[PDB]
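One structure is given here, and the rest of the page talks about it.
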Amino acid sequence: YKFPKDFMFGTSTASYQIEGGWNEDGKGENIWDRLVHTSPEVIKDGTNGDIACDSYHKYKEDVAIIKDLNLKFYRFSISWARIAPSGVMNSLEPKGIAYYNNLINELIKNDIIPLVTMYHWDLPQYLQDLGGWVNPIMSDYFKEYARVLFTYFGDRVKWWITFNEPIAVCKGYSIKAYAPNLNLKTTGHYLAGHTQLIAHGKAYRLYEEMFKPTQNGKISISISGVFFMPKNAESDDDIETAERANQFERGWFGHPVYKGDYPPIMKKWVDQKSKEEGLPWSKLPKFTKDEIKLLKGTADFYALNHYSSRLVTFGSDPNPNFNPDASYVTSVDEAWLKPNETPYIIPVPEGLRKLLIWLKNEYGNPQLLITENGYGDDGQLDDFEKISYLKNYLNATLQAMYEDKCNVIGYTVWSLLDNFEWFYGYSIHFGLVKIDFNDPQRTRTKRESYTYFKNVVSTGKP
Numbered sequence: 003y004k005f006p007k008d009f010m011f012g013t014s015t016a017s018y019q020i021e022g023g024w025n026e027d028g029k030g031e032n033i034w035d036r037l038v039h040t041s042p043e044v045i046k047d048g049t050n051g052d053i054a055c056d057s058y059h060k061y062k063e064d065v066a067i068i069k070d071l072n073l074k075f076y077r078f079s080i081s082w083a084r085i086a087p088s089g090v091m092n093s094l095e096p097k098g099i100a101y102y103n104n105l106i107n108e109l110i111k112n113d114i115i116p117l118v119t120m121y122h123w124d125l126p127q128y129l130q131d132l133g134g135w136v137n138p139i140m141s142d143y144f145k146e147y148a149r150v151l152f153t154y155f156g157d158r159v160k161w162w163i164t165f166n167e168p169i170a171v172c173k174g175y176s177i178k179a180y181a182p183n184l185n186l187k188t189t190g191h192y193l194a195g196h197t198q199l200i201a202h203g204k205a206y207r208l209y210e211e212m213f214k215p216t217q218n219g220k221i222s223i224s225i226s227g228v229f230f231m232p233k234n235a236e237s238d239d240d241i242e243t244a245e246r247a248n249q250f251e252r253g254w255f256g257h258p259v260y261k262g263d264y265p266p267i268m269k270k271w272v273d274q275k276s277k278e279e280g281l282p283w284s285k286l287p288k289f290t291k292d293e294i295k296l297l298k299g300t301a302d303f304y305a306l307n308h309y310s311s312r313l314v315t316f317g318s319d320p321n322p323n324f325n326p327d328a329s330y331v332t333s334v335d336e337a338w339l340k341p342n343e344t345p346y347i348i349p350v351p352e353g354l355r356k357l358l359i360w361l362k363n364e365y366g367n368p369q370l371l372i373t374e375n376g377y378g379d380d381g382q383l384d385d386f387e388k389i390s391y392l393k394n395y396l397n398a399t400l401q402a403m404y405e406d407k408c409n410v411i412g413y414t415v416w417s418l419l420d421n422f423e424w425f426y427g428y429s430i431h432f433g434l435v436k437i438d439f440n441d442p443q444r445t446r447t448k449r450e451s452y453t454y455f456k457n458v459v460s461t462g463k464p
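Counting with UniProt numbering, you get residues 3 to 464 for the letters of the sequence shown.
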């Protein structure tokens with residue numbers, strides 16, 4: 003198989019992970035600045051995003067590399083606190099707006115489509131002091147932020163993602179996995195998810211009413227998660243468990259946006275767990291009729307981030323990344339493991355094929371853009387395991403397209419550049435391009451995977 007001529011290839015970064023310039027040009031403090039500066043020990047290699055790839059200054063070089071790759075689009079995120087230091091949009095910083103205008107204009111003059119992520123985890127700290135995403139008022143603050151983005155950039159930006167990986171944003175509140183590094187457990191988990199969903203819906207409907215008539219763009223939300231398969235493929239029990247685990251992982255966000263309301267299985271299980279805990283109301287908030295209508299239909303394409311998969315059966319998982327309200331325990335198929343240190347991302351290309359089918363069947367075969375896929379390693383230039391991962395996942399994508407008729411419209415490699423991998427710091431290297439983080443000039447060096455991907459983009463053949 004090969005990718006068709008009109009297939010969209012791209013690459014992605016995120017603001018905090020590459021930009022640096024963390025306190026330059028009036029930029030406000032965000033929750034990642036706060037975390038790395040006041041709890042530096044939380045980053046496993048003792049690093050921070052103060053400088054990162056210095057793409058705040060080096061963005062023209064980033065665009066030149068994208069142009070050399072001949073990519074159709076570049077997915078990047080906008081730092082809310084560069085635009086409005088407090089997160090409140092009555093005080094805008096023109097220098098922050100200018101940076102993103104400069105990047106957008108650089109992309110367009112090089113015939114690259116900008117695909118903009120509004121929120122990739124860098125909440126302004128003032129808004130976190132209100133409680134951030136577990137405070138329902140945050141959806142109105144997000145709506146106003148989106149308004150400003152559409153106003154300043156929407157004449158040129160026609161592809162938008164509201165939220166990157168809302169599940170990960172939730173985990174920053176619930177299980178100390180990301181900024182703001184709180185331990186609110188499942189109660190906080192669902193509060194953060196609910197607010198992000200309402201925020202998404204408000205932004206989409208605002209776009210529809212106030213900007214789409216003249217801008218004619220598209221919006222989605224990048225829904226991620228570990229994909230789950232039955233431990234025993236012949237067990238009805240395990241098949242049921244996998245469906246529940248999948249609905250809890252990604253149906254949580256997709257069901258409201260595509261089908262209306264939360265997944266029925268989440269209502270059942272969360273309401274019951276809440277009763278078992280003696281809580282006066284369910285941990286899963288209830289949408290109003292009007293909110294269900296607000297949210298249903300708020301994606302013009304399905305945006306998928308995907309990395310890996312696990313087997314499941316009924317039980318309890320010691321890893322807090324797996325939602326205990328769904329009562330599944332994960333495992334890794336022996337076939338996926340090798341006699342060495344386990345990679346950061348365990349390659350399970352069959353999982354992507356099966357996930358694409360799952361999404362096709364659950365949501366009526368929406369046009370689907372893979373907004374992130376990639377593999378992170380020790381940063382060697384001969385990154386052959388990364389090449390193999392990309393090749394195998396690209397082939398899984400082609401199988402889903404041509405064998406199972408999945409409406410996949412594009413694919414995005416995470417990432418163009420090595421970058422700050424959150425609590426792992428620079429220690430995990432996802433880049434097609436190596437960055438020397440010990441060099442003040444943050445020198446770029448192309449890896450073997452760069453040439454591999456360049457060739458796939460040109461020929462359509464993994």
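Quick reminder that beta carbons are idealized off the backbone N, C-alpha and C, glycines included.
| message | Can you give me the C-alpha to C-alpha distance between residue 103 and residue 418, rounded to a whole angstrom? | response | 20 Å
| task | Starting from residue 379, follow its DSSP beta bridges and name the residues at the other end. | result | 431
| task | Could I get the ranges of all uninterrupted beta strand (DSSP E) runs contained in the segment 177-231, with 3 residues as the minimum, in chain order? | result | 220-225
| request: Report yes if the CB atom of residue 35 is closer than 7 Å to the CB atom of residue 97, and no otherwise. | output: no
| Simplified DSSP state of residue 95, which is helix, strand or coil | coil
| Simplified DSSP assignment, three categories, for residue 307 | strand
| query | If you draw a straight line from the C-alpha of residue 118 to the C-alpha of residue 278, how long is it? | reply | 42 Å
| query | Got a sec, what are the start and stop residues for the beta strand (DSSP E) residue 166 sits in? | reply | 161-166
| field | Helix, strand or coil at residue 119 according to DSSP, with G and I counted as helix | value | strand
| request: Whole angstroms is fine: what's the gap from residue 460's alpha carbon to residue 325's? | output: 41 Å
| message | Between which residues of its own chain and residue 316 is the CB-CB distance below 7 Å, once the five residues before and five after are set aside? | response | 239, 243, 329, 330
| DSSP beta-bridge partners of residue 447 | 436
| query | Around the C-beta of residue 353, are 16 or more other C-beta atoms found within 10 angstroms, so that it is buried, or is it exposed? | reply | buried
| task | Could you name the residues that DSSP lists as bridge partners for residue 129? | result | Paired residue(s): none; residue 129 is not in a bridge.
| Do residue 370 and residue 409 come within 7 Å of each other at the CB atom, strictly closer than that value? | yes
| Based on the DSSP output, what are the partners of residue 81 in its beta bridges? | Answer by DSSP bridge pairing: none, since residue 81 is not bridged.
| task | Grab the span of the alpha helix (DSSP H) containing residue 65 for me, first residue to last. | result | 57-71
| field | Extent of the continuous beta strand (DSSP E) to which residue 333 belongs | value | 330-333
| Less than 7 Å separating the beta-carbons of residue 127 and residue 31? | yes
| query | Within this structure, are the beta carbons of residue 224 and residue 414 separated by less than 7 Å? | reply | no
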